[PDB]
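Heads up: the structure comes next, in C-alpha cells.
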Ligand SMILES: OC[C@H]1O[C@H](O[C@H]2[C@H](O)[C@@H](O)[C@@H](O)O[C@@H]2CO)[C@H](O)[C@@H](O)[C@@H]1O
Ligand SMILES: OC[C@H]1O[C@H](O[C@H]2[C@H](O)[C@@H](O)[C@@H](O)O[C@@H]2CO)[C@H](O)[C@@H](O)[C@@H]1O
Ligand SMILES: [Ca+2]
Ligand SMILES: [Ca+2]
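Chains as they are written, first to last, in PDB author numbering: chain A, 2 to 589; chain A', 2 to 589. A prime marks a further copy of an entry chain.
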C-alpha cells in the first residue's frame, strides 16, 4: 500500500488521444506493490444527466501491467467513448488486499468516494485530435544511413579545400583536416546504399561554413561550394527518391558561425549593427580572449554553443530571427523536397519557436519528420506540437553498456522500460536509434574489434521499437575513437572492408524491413531468462518475432525454432556466449 | 528509502524559469521518508570545458521541505546561473541514513554516479523567458465581486423582458424567471462596490441571448438589449476604471446558442450550410427528441454542452471558427478596454486555440488576465502560454468541507498543500477563490445561517495565496440553494440586509488589500495546532500575518498579540468554538 508510489498525471503521456473516440491511459505504481488496477471511466455528464439507473463506475475496465523499471510498475488501458468526454479514476488493490480509489481528489475507500460527482474524477475533457500526437507512417518502414559528407566519398577533386589529404580510411584525422568528400560522391554511391537496403539518408550539415563539420554556419541558403551547388543537391534528392530513399538534413539553428554576414556585421558595427539583437551579447564590443584551443574561450562577452567563441548563440525569441529561420526551413523543403529535418542542439531553443516550426513544416508536408538532437529526457518536446522524435541516446547507451560491460539483464530491461514509459506509444516508434555517430566512438572500437559482439548490439537495437540508423562505414567494420577519430574517410578499398559484416548487415536490414516493420500494431515484451540472458518478443495477433541473446559465460539451450530468421551459431538449439538467434512463429 | 515515492519531472512545475538567470526546482518524496535533499547543479558544459579543478557537483545547494500532502513531501530550491544553462541532480538521504543520487538516469550510489558526464543530469537546457509563466501584478491587489446581471439591479424598467417579476430578494426564482437586472443597475450601484472595497467586477455573460443567464449566445458582438447597448457598456467600464475597479467579462466559446444566426442556418440548410463545420454534427438533419426538461435531450445528433440541445458545441479546430472567436475576443478588449476574460467550460476547448487566444490577448494588453472555468486539476493550461489562472474550485471546496463538516485539520492542510504543489508559485497567487457562485449553493445556506461560521470561511479563504472574489449579496447574508435558487434578486432593502456582516466584509477586504496583498514575496505556512485548530502564517522578511482558527468544540487560549487585525471574540487571548483571530507581528 505504497500510496506515495502511485501517480497519474492527467493530460500527459499517461492520458492522451489516439483517435477521435479513443484514449490511452496509464498509471504508475510501486514495483510489485499493487496486484490489480481497474479503471472507472465514462462521460462525466452521464452520471447526473442521463435518466438511466446505470452509471459508468459500475462497469470497471481492467488495466494491464505492461512494464516495470525496477522502481515502478506501469499499467495501461485503452478507452473508447462516443461522447468524446471522459472522467476516470483508478481502483488499486495492494498485496494485502487493501483496495482504494485514486482520483483527482486523492485516495479514498470506495464507500467514501463521491462517485456521482463528475468533479471527483480525473478528466480528459473533450478528445481533441488537433492537440494529439501524430506519427508519420513512412518512418516505420525506414532504415537510415548517416553520412558525414566531408568523409563519405570524393566525387569531384576540383571542389576540394586547399590542403586536402589523400583519401585514406586508415588515417587518424586531425580536427582541421579535409579529405574532399562532397555531394557528387554521395550520388556516385547510391547503389551501395540501395544494395545495403537503407531507405533514408541523414546528412550532417551541408550549408556553406568554413569547417570540415559545417556546424559553424556561414550561409544557410547555399550549399557549401566544396560540397556542391543547388542543382547538384536537387539531383541528389531526386536520385535518392527514385530509389525509395528519403532525405533528412541537419538544421543548425541554435547558433551561427562567426564568419556569417550577421556576426561579421556585429563585429564591424557593434551595438549599431541591425543584427545585435539576433544574438545574446552581454557587453560590446563582442569579444573574447583566444586560447590555445580554437574551440574554447573562458570570457566571451556573448552566449555561445558550449564555450566556443566561433558559435554565437542565436536569439530565437527575436521575431526577425524567427522569420529568418522559418524561411530557411521552408526553402529547403519547398525547393528541394527534403523529407525531414534533424535539429541540432534542439533543447537549447525555446518551445515557442519549435511550435511555429512544427506548424510551418506540417502546413507544407503533413507527413514531415522532425527529429531533435537531445541527449536527455525529452517529454516536453514530444507532446505532438513540436518534434516527432528525438535521438534516442539514453536507450542505445543503455544497450551498449549492457553488451560491453557486466551488468545484469535486469538492469538493462529496467532502463529500456523506463524509457518507453516516458513517452506516448506512437512516439516510441519514431525515436531514432543509432549506436554511434560523428560525436561518439565507433561501434567496432567500443567492441574492441569483437565482431560477434558488434553484431549482437546491432541486432538487439534493430529489434527495438524505434527506427534504426547505421553510421557510414559501420557495415564494413570501421574503427575510430571519439571526434575527430570517428570521422575517418570511408573505406572503399575491398581489401580493407569486412565483407562478412556487410553481408550480415544486409540480412539484418532485411529482417527489420520485411518482418519487424510489417507487424500490425505489435507489442514488445522483455524477459530476463537467466544471468545475462534476454528474450525479446515483438508480437501482433498473427505473428511473433522472438530473439534470444546469450551474453553470459555459459552455453544456453533453447527449443529448436521452426522458422529461424537470423542467428550466429551454426546450431539451431545452442547459443554459445555472445550468440543470438531470431525466429518467427505463429501466435497460438 | 521509498524510491518509488521520489519523482522529479523536468520542464514542468518542478523545474521552471522565474527570470533570465533564475529557476525554481522541486522534488517529490514519500512523506517523512527522506530526511534531507541537496541539489547538485551548474552549467552542463562547465564539467569538461572549463580548465578549473572545481566542479559544480562539489558545492551542493540545500533544498527545503516546503509542504506535505499526507502522502508526499515537496522540496524546493531557487538556483541562479549566469550561463543560463543548468544540469542538476538530487542527493537524497532516507531515515536510516541511506544516501543516493537521483538524476535523469535514475538512482545511484554517489561513488557509482557519472558526475563528469553532463548527460547524467536532469536538464534546464537554456533559460527561456519567452516560454516562462508570467503573473500580471495588478491581480495581486484585487478583490473581485461577481455580478449575475439579470439579478443585481434594475436600472431601467423600459428594457425589461416580457413577464418580468417585481424585484423581491425573498423570492425563490424559477429557472425561466426575469427580474429585469441590467447594466444601468450596475452603474447605479458602483458606490456600493467602492464602499465595500472591491477592485474588480466579474460579470456573467452580457451578450445577446434568449435566457436569463445568457450562456446560450445568440450574438457575441452585441450587448443583450435587455441589458443595455454598446454606449452604456463603455460608460460602465469607464466609470468602473475611474473608481479603480477592473472589469472581467465571461467568454462562452465552447458552445453557441441554438438561436444564433449560425445554428439557425444549419437548421435551414443542413449540410449545405456554410456553418455546418463550425459544429460537431454527426447526422443531418441536426435534430433531437424533446423531453419534459428543456435542458435535456438523449439523442441529439450533434455534440452539445452537457446534454442540452440548445447549446451546440463549437468546432474550435476549424480556422473560420478560430478567426471568428479571436475577432470577438479582440473587439471587446480593443473597443471597451476590458481587463480580463473568464473562459466558460474552458477545459473542453483545445490547447491550440487557447495558445492563439493567449497570444492575441497579450499582444493587445501585456498585463491581460485570462481565467479558465475548470473544476478539476488544470496543470496543462497553466504553463504560461494559455491561461493565467483557473477558478480554484477544489481549493475552496476543501475549505468549505472542513468548516462545514468534522474532518481533521490535517486533512484540510493536506488538500491545500497538494493543490499548491500542482502549480508554479506565481500561478498559485493568480488562482481565483470564490466560496460560492451562480452554480452552487450560497455560503449562508451552506452554513445553515451560522454567521460566525460564514465569517470564518470567508476569512480563512481571504488569507490564502489566490485572489478572492465575493458573489453578489454575500456581503448582506443572502441565502439560496443551488441554481436557480442561488440567483435571487439582490437585497437592496436595508431592513432585509445583514449590516453586521457588511461591516465585517469591509474590514476583511481592508485586511486583504492593505496588509496581505502588500507583503513582499511572502510565503505561507500551515500549522495544525490541535484537534480542528489551525494556525495560518504568511510572512516576508519584515512582517508576519498570523491567523488562528478554532473549529473544535473546546476553548483555545493563545498568547495576547500586540497588534490584532481582526477577531470575532471580545477576548484578546481566548477563542471559543468557531472563533478566529488575525494579527500582525515583526519578524524577529
Ligand atoms: O566546434 C564545436 C563542435 O561543433 C560540432 O559539434 C556539434 C555536434 O557534432 C552536434 O552533433 C551537436 O552536438 O552540436 C555541436 C555543435 O553544433 C562539431 O561536430 C565538433 O567537431 C566541434 O567540436
Ligand atoms: O442550460 C445549461 C446551463 O447553462 C448555464 O450553465 C453554465 C454555467 O452557469 C457556467 O458556470 C459553466 O459551467 O457553463 C454552463 C454552460 O454554459 C446556466 O447558467 C445554467 O443555469 C443552465 O442549466
Ligand atoms: Ca571534392
Ligand atoms: Ca431592466
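Yeah, the Cβ is synthetic: ideal placement off N, Cα and C, and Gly gets one too.
Excluding five sequence positions before and after residue 380 of chain A, the CB atoms of its chain that fall closer than 6 Å to its own CB belong to 423, given in chain order. Remark: the C-beta of residue 164 of chain A' is outside contact range of ligand 4, defined as less than 7 Å to any heavy atom.
What residue 378 of chain A touches in chain A', judged by beta-carbon distance under 7 Å, is 11 and 105, going in chain order.
Bridge pairing for residue 65 of chain A: A:77 [DSSP]. At a cut-off of 7 Å, the beta-carbon of residue 253 of chain A' counts as near ligand 2: some heavy atom of the ligand is closer than that. Below the 8 Å Cβ cutoff, chain A' contributes 129, 131, 132 and 386 as neighbours of residue 353 of chain A, in chain order.
Excluding sequence positions up to five before and after residue 346 of chain A', its CB lies within less than 6 Å of the CB of 255, all in the same chain and listed in chain order. Taking one beta carbon from each stretch, the segment 348-357 of chain A and the segment 120-131 of chain A have fewer than 3 pairs nearer than 8 Å; the two do not touch. With distances taken between CA atoms, residue 495 of chain A lies nearest to A:170 out of A:170, A:104, A:97 and A:49.
Here residue 361 of chain A' is not bridged, per DSSP, to any residue. In summary, the residues of the segment 293-312 of chain A whose CB is separated from some CB of chain A' by less than 8 Å are 297, 299, 304, 307 and 308, in the order they occur in the chain.
DSSP places residue 470 of chain A in the uninterrupted beta strand (DSSP E) bounded by 468-472. Residue range 231-243 is occupied by the alpha helix (DSSP H) that includes residue 237 of chain A. For a cut-off of 8 Å, the C-beta gap from residue 463 of chain A' to residue 509 of chain A' is around 6 Å, short enough to register as a contact. The beta carbon of residue 46 of chain A' falls within 8 Å of a beta carbon belonging to chain A, placing the residue at that interface. Scanning A:38, A:558, A:377 and A:131 for the CA closest to the CA of residue 98 of chain A turns up A:38. Fully enclosed beta strand (DSSP E) runs of no fewer than 3 residues occupy 341-344 of the segment 324-353 of chain A', in order along the chain. DSSP places residue 428 of chain A' in the uninterrupted alpha helix (DSSP H) bounded by 426-429.
For residue 8 of chain A', the nearest beta carbon of chain A is closer than 8 Å to its own beta carbon. For residue 246 of chain A, the three-state secondary structure derived from DSSP is coil.
Residue pairing by DSSP places residue 313 of chain A opposite A:305 in a beta bridge. Distance from the C-beta of residue 189 of chain A to the nearest heavy atom of ligand 3 is not below 7 Å. Assigned with DSSP and collapsed to three states, residue 547 of chain A falls in strand.
Sixteen is the threshold: since fewer than 16 other Cβ atoms of the shown chains lie within 10 Å of the Cβ of residue 244 of chain A', the residue is exposed. Here residue 270 of chain A carries a helix assignment [DSSP, helix/strand/coil].
The beta carbon of residue 66 of chain A lies closer than 6 Å to those of 74 and 76 in the same chain, with the five residues before and after it left out.
Apart from sequence neighbours up to five positions away, the residues of its chain that approach residue 106 of chain A' with a beta-carbon distance below 6 Å are 121, ordered along the chain. In the structure shown, the three-state DSSP call for residue 494 of chain A is coil. Taking 7 Å as the cut-off, one finds no heavy atom of ligand 4 near enough to the beta carbon of residue 169 of chain A'. For residue 4 of chain A', the chain A residues whose C-beta falls within less than 7 Å of its own C-beta are 72, listed in chain order. When the Cα atoms are used, residue 203 of chain A' and residue 187 of chain A' turn out to be separated by approximately 12 Å. Per DSSP, the beta bridge partners of residue 434 of chain A' are A':469. Under the three-state reduction of DSSP output, residue 565 of chain A falls in the strand class. Out of A':456, A':575 and A':372, the CA that lies nearest to the CA of residue 502 of chain A' is found in A':456. By a beta-carbon distance limit of 8 Å, residue 140 of chain A' contacts residue 468 of chain A'. Their separation comes to about 6 Å. Excluding sequence positions up to five before and after residue 560 of chain A, its CB lies within less than 8 Å of the CB of 574, all in the same chain and listed in chain order.
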